Structure formats: structure tokens, C-alpha cells
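Below are the C-alpha cells for one structure; questions will follow.
Chain nomenclature is as follows: A, B, C, D and E, assigned in order of appearance, with residue numbering initiated at 1 for each chain independently.
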């Protein structure tokens, strides 16, 4: 289950890829609204003429156009407002010559297959005031044909050129949420995308060497039509805040905690309270799942926007936390130690040979309690054995597995979810879950053990009796050999052996944190292992 | 109590019976008689309440325990009826034209209800279980309901045009609406004249007995069409004069209250618990 | 499930699993704020209720859980107050001229009262024990009392002459009368504009808190002179602006709720004791 | 000392008491008596300071230890009060109209505070903890608050239009503002007339005692509505003349100092510790 | 945790040196630069503060963590200067005519002074030990002193006539008076124009450093003639351009801060010793 953390870090690069496009871009009840809509829209034309005698036009281009109308839907006269715009246009040009006399078109816009037509749509119906929290949204529409019409050019001399022809089919491709800016309020609207397909009518300009040109110029794209109409259906699923099964809001304009809080302050208490209802054996079963990104983030009942960015938002927050910086510092220290036989003096070794895993550092030191040097050394080492946990250099199930299992079983139960809450609750959970955790390394039927709390223990596997802890041997063992998380750490092991005489195989498995022995002991309702796992779960307190 | 509510109570099938407690029950309780105005009009006496109190005392009630509440008619009494005493006896005059209303009144006062406010202008409303109803009372309540579908569109009604809604109650002092469960309904009611609440029937009341004066067995205190239970608390008598009715009530107060039970009078006098 | 009986509950003094979730209160329970009209006047914002709901929602209360109720003044609010939310907070402004009234108001809402009807025309009334009071409410309650003797004749008064009655309340919107126990009294009350009820103080009303906005501690919710308890539900805050008062209420709403408990009379556990 | 602050101190429960240190404390400390100007006016004497110093000398304070500081009134004294010597006794005259102000002054000088500057013109501000408040003082304060949402838009107040902001103070010489924690607030303050700081309550101030001259217990030195502590350093006395008040202070100086503790004096006399 | 108690510290000599804390202190501490107005005049740039902030950021200080305070001249800066940053550096221009004043300023900001009030009108004053001085500050101080013999009679002066007193200051904006210890002096000071305080020198002030721009080593921060200690917090630089001075300060900010230490008095460990 710890794999999720690793994967987030591993995938953190994609987060950057998101930000780029983003900065290029700019309980609950499900209620359904399938509505048969009729989008009536149109284009506008900007015809800016150049100086001189009027033979030259500086620009003849598209311009967004607004439209209002009323139509019948299930016997309801519904007033609708739409705004049509275009994107990705081809800037053709005509250059009759350098003289002021010759027909010149500096830049005229034609929409082709590489363009897109965007249409905001709104109405005063119920469906369009329930779409603040949206689960799913999908619209189908019959394609429409937009043909270009005639447009004569105002030359006072000679034949009048005419812009005839031109046609494109708009086919529905995608619908999203959008906003209409009024004078004093802001309206939620449905913005439909339409892909263009060139059609047989080819637009040409008379008095010119222009023919068999395809697209839809901006000159007279309406072709005299009052509007362009597409009839279809849009399906919307809205998440309405409801705390009882008999009520259902007509409108969902309700405020949620994240509309007012950006730093979750009291949701920490919600999580700490949720911790009570956690089962033990089933938690182990969940912790043994290789929880990947899909498994972790598939079961959350999100909104339309939240699901679209859950993984990358979580990862954006993830590649900043103390865990990510600790991983980065460990990697840099290892690379520096490997990169130069120059500063073995700067680093001081608590082992036979120098290693980044076995270096002593700042440790401002705590005179509050009489502290042995060995305790400080072991604590400093264990704080990096945590990065060993998150570097696939462990053997048994690790504390990170338990942390991930608790995180999953809590986020699914927690009713507090939002595009900003899941970030900083996954990351801060990984940071603050099980802060005091111990590790052990086995060698020649002897177990060495260290803890971030500063407690160290050396003992024998066959019989759990403590041994003079041999620093400079625990360090050499721990730099290379597999490191085992101490789920059933020495004290619990000795208590269990004294009270519940365990077999050689059971002790073997418990030492290496084998899941099977753990779950079998839990199923027997053994108070000691249950107590230890309860302490571990309550340590996952965020 | 509350911490021991979900605990067993064990009793041997040989424990000796205790002496009669009706005397102490009368000495420690209060009795309320609800009668129409026409009863007092026909009696045509001012001291009749005092005489009834004295007769009840002859039947074992301390002077001060019997109270008499007068209501105009069944319809008016149905607007937020109040049950004051430990024991409530309601003398409902039978009118063949108000059967449903009578039933409704009985259904309200013979049963415990748990009710919530209904902002019909802001929410659609479902009835989740057969025990869920919509109790509306006021000066004049007119309820119009539009059943929606899974797509929040009215069925047989235009969700915006109230004129197409379905009339389930018109100018009602009290009405207990029961719609199909699991269906969201859009409601429009004369909110200025009446209040509508989403209520749950919790069970019987056990301290309100309805005596129907004249008529036949017409009360139906259960919305289920295939049940018309006649509990011990709903009695029926025949009458030609009201003094005989009151003498019958006094002389058989022992039997009337033997069908009722204390421990059910709420702290509030209202006919339903309310949760806003 | 066992509702009519008080069964003992046993617990272990060394029991583990002291879990908690105050969030259960926020999402399941509703909050009601009762404030005077002058507070809204001074605030002078047409959306201040929305802002306060937002701020409460910062504290975990989902929108729609918090309700705001307006009352003109202490005297008007005292006429049959109806507090229905799960948690009730009453911002009562201090008026040095209206001490007793405030006390009475608090005594009515901070305690639980079991009230029976009073027919002053028919019956003479005693107060059996220390918890027995006579609570009268209405637009103008004027209560005059004539104590009797064992021969039923008045003491310092004539039963047939109300002019000699000893006035104890004059034009009161709410008044709690305490007279000598074990003495019959003839009561003259303005029944047209006032209803008087014979009430027993069962105990504290856990889910009602009163925040006194102003002067010093003056409330006396106990008729006994020797004791003037100040329970945790009787808060007191100094003020100059009402926005400050409401901000203090919202910021410390958790402590205000902590000082309160669910109404012991309003849950299924108390079923068939008095109410639900 | 500082390196050993986080070390245990072990003491036997049988160690002999040391002799009284009251005499040594008086011989090695300084006392400040803050009184209103009306006290000096009513006493109407030019040598009363000398008489009080001599009377304190009779009580053990060497000449030169007692100091007398005069303030015009609570409002003027509340503008950055200065506490000069080891023991500060503030005689605060009670006016029923300024209760909150008195409380604020007490809450300023009876507690340690850690304040930081607030650039209300540049940034929005939050109150992180219940111990966090906004203390503003000067010639005249007028604080308008606008809570914002996650999108920085105001709530019940347009960000640009200060006229829509919520007023919490007006022409205040001192005010402690407490807004809902975790919500960003845009502040409009009369920075020209008064300064606002983001302050944190560290704990009690042992070297400052406040004697309330007349009135009742009205001081509230905690913003929490549920708590209104009356610490040993908050005295209250009744008065008809100021000479009696001063004689009472002198005679019971031992008790007053007993309610206070040494080592709480700072180099600076300010009412807070300023970090910038 | 254990405040007000001096516990011994028993560290060992073999524990390894910790990593550099310079970066963390720069990240978590604030720096104040005090310079004369002529500096900003000569620099003649409206954004020089921003450039210096950016350069300090190149040296590791977060943007906005460096404050630039301006003072007119030494005399104006000696009017109770308030140094509130974690690290304070005072760029003091040298003037041969203002040597003593310069020293006085240093003696007030490079040391720690526990000051108690002085009522010259009421009490006579003596300086108990060599660490006790009389610091007077304000618009203009003119201190005249009359030593008194054991007969409380002036020595070379008349207690009644202040013209016979001895002048120790004249029109001073700050002066540290050191008189013979153990002698009671009658003081005549322009109290209306400036204030005097009895101050004990506790020890060095570690967060304040003084950089003398131009001149020679003239500061004498000790009243003792036999000692003229140039501490590590007193720097001296020769200058021609103020831009050069500021570039020197920012370039060697590491060395300047190294010479300084966190104010021992202003921090949590000093709680109930003098502050925080």
C-alpha cells in the first residue's frame, strides 16, 4: 500500500506538464437533468477598411455574436441566450499590388477544419441553476451547416467584387461549464464545442485570381439567415447538498467549507475522529494491496472538475512536503558522497566506512533528558531508514503501508472532499503519520533495532534477551542489508513470548513483519498485538 | 433512564399482583374533556362544568383535576389541537359530510407524530416510508402537488405552471396528504394561511380517547387502504341529548380511562413533536 | 426499546475507547440564534444572516443547520417562547429596569416545566411543593390572589370582592407566581388576554443557553432567595457593537455548544416518560 | 537560565519554609498607584502624595519606592498604557456605560501580549487561534471588517466599497477585535488616528492588579463567552470618598501585593511585546 | 517550561558541532537598518530600499525581512529610540562635536537598562551602586543636582533655591547622569519637557550593533574612566559615499550578525525573569 506514495513521487514530473497547460489555459445527492435544447446562434463580422480611396481593406474578420430567443421545451416557454465565438482561423490575404488603386485585402479570416466554434448557452430553466456542483455533463447535438453568402465590396470604380460560396459543417465535440458576465451578476452556462468540416460550396472572389478556395470567410457567414440552429440533448448530473432523504434543494448555490477555507483547520479533527472506526485485520488486508494511483483515486465520488485533476493536484502538493525534500536530500547526499573522494572529513561516519545513510548531522541536541550518544546516532539513522522504507529497500510490510491504508480508508469515509482538501491531506498525512517508528536489521541470528525516539535494542532471535548494542555494526548492517520495519517491535515481541509462548516459525515471521503471522495473531484477538496495532493506528493521527 | 433504555427487563410469571392503582391514578392525574360548542349550547347552563366536576369527584377525582375545553367544531379544532391533561377525552360529534376530517383529526390526536418544517418554495419533498405523511393545518390550506420524474420534470404537470399541478386538498383546516413514496414532488401551498410539515407516525398516543357521538364506525386512522383498526381508545355512542352523553362519560370514566394509559402526555401540549 | 422503566446502567471506571466526534453535532443537529430586533437594526445589512451562516459553516455547521430568529424585545419574546432547534442560543440584552422579567424569561427557557391547565373560575389552587409555580403568559397578565383558610374564607380578602385581592402581577407578558405552599388561593386573572398554567419544575433545559449582552450578573432562575445559581448555560458578554457580539458567538460556538447538552426530553430514550 | 528552562526542577515535600520575604520584597521593589484625575481633584491637596508615601513607609515601603501616576479617565489611559514599576495597582472608576472599555483595559494590562504590526492597506489578515486578537489603540479607532472567501471576494461586503464593510469599532481609544478564525479579513482602519496590531495572549500578568472603585463584577478579561474569570488581581471596592479608597489601599497593601507576583516586570513599561 | 528558575546546564565537551544555523536564522529573523536622513539624501533614489532588499536576498534574507528605518540626526534618534527587529544595525555618522552624545546613544542601545520612575518633586534620589545611573530623555533635559549631607541639607547648594544647584545637563535630548553613590541628591529637571528614570545596567544588549561612519574610536559606553571597552558590536568604517557604506553593510551582513546575538531578554526563556 506504500507504493502509492512512491508512485506519486515517481509521477510528480507530469505535475509540471499540467501547470504549463493550466497557465496556458488562463452529504450530497445526485440529481439528473436531461434537457432537449435548441442552440440558436450566429457570427459577427468586423470589416475595418484601410485609408486611401477605399480599394483596400485592413481586416475582414470574425467577431463574437450574442443572440436571444425563446423556444418550447416540454411545454415550457424557455428564454435562451447564446454567445458564439470562433478560434483557430486562417488569415488569407489578397494583394492586388503596391499601388493605392489595386484591390488589396490585408487579412481576411476563414474557418476551416483546424478551427473551432465555441457557443455559450444559458436559459432561465431549473437545469441551469443546479449546475454549480456537477458530477457528469455530456451533450449530443445534430450537426448544422453554415454556408457563406454573397458580400459585395464597396469600390467606386469598375466591377464590384463579390465574396460568394464557402460552407462548413459544425459537429458537436465536447461540452463544458462556462460563465456569462452580466452587469451585476455572473451566470453559469454550458459552452459547446463544434468541430468544422469543409463542405462542397467553395468560396471565391470576383475580379480576382481566386477560385476553388474552401472554408467559410468572415464576410457574410450568416448568408442572410437570422440564426444558425442545432437541436440536441444535454445530460447533466448535479450534486445538491442534502442532509436528509426527504428534502432536495431546487437550486445548489450552497456554500461549502472549501468556499471559505483554503487551509483545512478542523478537518484534522474529522480525520482523528474517523480513526476510531478502523478495523484491524481488514486494515492489514488493505495495507497489503499494492495501492496504485488508479486504485487510490478511483473510488472518490468527485465533481466534474475535481476528478479531472485529482491525481495531479495531489502530486503537485506532494512534491513539496518534507517527505519529498528528505528524499531529495538523501539522493543529493548519496550522489555527493559518490561524486568525490575529497570530503570524507566533512562527513563523520558511525560505521566502518562512510555512507550517506550513516552520517551524523545538525542534531541541535536535547539537554532536556539525559541522552546517550548512541541514542542520538540511532535516531539520526532511523530518520533515514524512513527513506529506506520509501526507497523499496525494505523486506517486510512497512509503516508506510499502514499509513497508506489508513489514508485510503479515511478519505473514502470522510465526507470532506474537494479539489484542495485531498491535496495537503494526502501529503500532510504521509508527513505526520506514525512519526515515531522503529526499524530492525537481522544478522547472524542477532537482531539490531533502532528508533526515531532514540531507543535501541540488540537481542537474539532464538530467545528475546537484550544484548549490548554494538553501534558501528548496526550501521554497517543497516547501510546495505535489508531493513525491516518494527511493527511488532522488541518490547511487544518479548511481552508476547513471555505470555503467549510463540514458536520458532512465528517469531521468525514476526521479526520480518510477515503479514500472515500478523493477521493470524490479530484474528486470535491476542491483546498484545492488538494493542500494538492500535497504538500504530492512533499514531496515524494527522 | 436513557442509558438503560436498551437493557432487558426480566419478570417472573409468579409475582403477586399489586393492589388497584386507579384510585391513586385519579388522585395524581388530571382529566380534560373536549366537547363541541353545540354541547354547551344545548345544555344551556352556566354551572354545568361545576356539576360535572362534582359528579367526577363522586367518581373519585379531586376537585381541580377535571377540566373542560370547548371547541367550535371539528374543522376549527383540527388547527393545532392541544392536549393539556394527563387524560384527554374528545367528544367528536359525527357528521356524515366530514368523515375524512373526523378521521384526520383522530389520526392527528390518537397517534404520536414527529414533524419537520417544509420550505415548499426551496425544496422538493419525498415521502420515504408508509409512516411518512404531510400534515398541513391552518385557516385554509390548499395543497397542489406535481410529481416529478428521475429527471426533475413534472409528470402530468408543468413544473413552472402551478395551474397544472394536482389538487389534493382545497380550503382545509387540517389535511394529511399521502403521496407515492420515492417520488420527488414540487409543492405549492397557501403558506400565508396554513403551515405544512413532513411528519412521521411514531405510534399510538394512549392518553387521548375519541368518543364519536352518533353515526357509525367510519374512522380510519391508518392511510393503508386495507386496514381500519378500531382501537380501545376510539369509542362510539348514540345520543339524543347532550346531558345523557355527559352522564355516560362521567359514569364510565373508569372504563374510558382503563382503555387509556398515562406516561404519554408530552411536555408540550401540541399534537406533534417538532424538529426545525 | 424498554421505554416506560428506569433500568440501572453499569460501567467500568477503567473503560478504554474514549472516542469522540463533535462533528456529529454539527451535521446532525441544528443551531438557532435568538436576538433582539435592535441587533438587526444596528447591523443594517440585508445579507448579514448569509454571512453569519458562512462563518458558522467555517466552524463545521453545514448551511441550513443554523437558523436566526428575531424578537422585538424581552417582554414580547417572553410570551410563550418556542425554542425548537436542537441547540438554542438566546442573545438577551440587559435592561436594568427589566431584571425580574429577564430572570423570568430565563427561568422559563433554561428549565423544564410540566404544566397543567388552570380554571380559576371553577377551582381554587394550591402550590404543592417548592417546584410548583403558576406561569402566566399573554399580551397582558394581571394576576390577583386571595389566600383562603381551612374554612375556605379569604385572609385579608373577600372571595366575593375582587377589589380586595392582593395583586401579584400587573400587565405582565410573562410572570411566574410563587405563593405560600399548602394554602388554597382564589385567583383573578385577565383570562381574555392571559393564560395561567400550573407548572412543575422538572429540571434543567439542557439545550437552551442564554447569553446576556450587557450589564452584570442579575438572573435568578430559582425562586428560593437563599440560592441564585449561575449555570454554565448562562453566559455574559460586554458589548459595544452587535457585529462584535455575533462574531464572538460564532468564533466560540464550539464552547457554547459544549456548555449545552441534547434535550433529554427530546430523544427516543425519553419515550413514554413525558415526551418522545 | 535559558538553556536550563527545559529542565526538571525536583523538590522534596518536606523542605522547611523560608522566613517571610514580604519585608525584603518591599525593601527591594517599587509600587505604582494609578488613579483617575477626579481622585486628585476630590482630595484637593498638594501634599497628599507625600502623606501617602509616609503612610506606605509606615507599612514597610522605603521612601522612594511608591510612585503615583495620574490618568484622565479609562479612555485616555487605554492608549498604550505604561506599567512602570515592579507592582502596578490601577484604581479604575466604574461607569456603567463603559463596561466593555473597562474590560478591554483590564484584558490589556492583566495579561501578557505578543503583538505584531498589521499592514491593513497591503495584506489580508487572519486570527489563527483563540489566543489571537487584534488590539488597536490611538486617538480614535474605527475598524471596518470584510470577511473574504477562498477567491478573495468579500461576503456581505464589496472589497472595493468600504461603505459595505462591517463596523466593529467607532472612535475607540482601545479595542480588542475577535473575528472568526481561519477566514481572511480585509480591514479598513483609521491608520492616521490609531494603530492596530495582531496580538497573542501568552498568559496572565501577575505584576498588574486592577481595583474597580464602585459598581459590580462586570470585568470580562477573556473573549470566551463561556468564561468570565475573576482572578485574585481583580479587586472591587465600594466608595463614597477618595481618601477612604486610598487609606484602604494603603492599609491592605500587603494583601494586594500578595495577590501579585514578582519577576513579571519588564524593562519596557509597554502593555505588550512588539515584534517587527 | 520551567520559567523563573535558574537550572545548571551540564553539557559535555565531546559532542560534535552542529551544522551552520546562519541560513535558518536569516530565514526566520528580521533585520533593521537605522541610517541618518543625509544618507537617503545623498543616495538620491526612490527605490534604493528595494535594491538593498534584493541584495540582502542575494545574501539569504527573505524579501520583506529587512526594514530600513530613518532618523533625522543623533539628537533626534536619542529620544527613546525603539529597536524592535531581531537584529538591529545603527549606521551612526560621526561628529567630533557630539562625542559624548554619541557615546550616550551607544550606552543606551548597546546595553540593557532596567528603569524605574523618578518623581524628583517628591523624593530625593541616590545611586546605590556603579551600575545605577539616571537616564533622562525628551525634547530638552536640564538636570540640576544638589547633593545632600546626612542632615538632608544641601552641600554647596540650598534645597530651597534651585539657582544654587549644580548643572549636569543643558538642553540635552538624552543624558546619562552619574553622581557620587550613596549621596542623596535633590533634582531639578524640566519634567514638562523631558523625563528622567533611575536605571540599572543589567548587561550588554546583543541584538544591537553600532557602525560608526567616519571618525575614530571615541565611544565610551562605560562610566568608569579606567575602562573604555570597544566591544565586537561597535564597528568603525571610513566613508566617502553612502552607497559604498550600504554595499559594505550588505556584503558583510554575515560578519555583522555574527557579532550580534539574539536578545537574551526578548525570548521565551526569559519568561518571568523580565519578559516573554
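Here, contacts are C-beta pairs under 8 Å (C-beta built on N, C-alpha and C of every residue); 3 or more make two chains touch, one makes a residue touch a chain.
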Chain whose Cα centroid lies at the greatest distance from that of subunit B: E
Which listed pair, C-D or D-E, duplicates the contacts of B-C in over half of its pairs: D-E
Higher-contact pair (C-beta pairs counted), A-E versus A-C: A-C
Centre-to-centre distance between subunit D and subunit A (centres being mean Cα positions), rounded to whole Å: 50
Interchain centroid distance [CA atoms averaged], subunit C/subunit E, Å: 63
Computed distance of Cα centres, subunit D from subunit C, in Å: 36
Between subunit A and subunit B, centroid-to-centroid distance (C-alpha), Å: 57
Two or more partner chains touched - positions in subunit A: 260-261, 367
Interchain contacts (touch definition) - all pairs: A-B, A-C, A-D, A-E, B-C, C-D, D-E
Residues of subunit C touching subunit B in the complex: 1-9, 30, 32, 67, 84-86, 112-117, 119, 122-125, 264-270, 272-276
Complex interface listing, subunit E residues touching subunit A: 9-11, 15-16, 18-19
Subunit D contact footprint on subunit C (complex, rising order): 43, 45, 47-48, 50-51, 54-55, 58-59, 211, 214-217, 232, 235-241, 243-244, 247-252, 255-256, 258-259
Complex contact set, residues of subunit A against subunit E: 348, 360-365, 367, 373
In the complex, subunit A residues that touch subunit C: 241, 243, 254-257, 260-261, 266, 269-270, 273, 276, 415
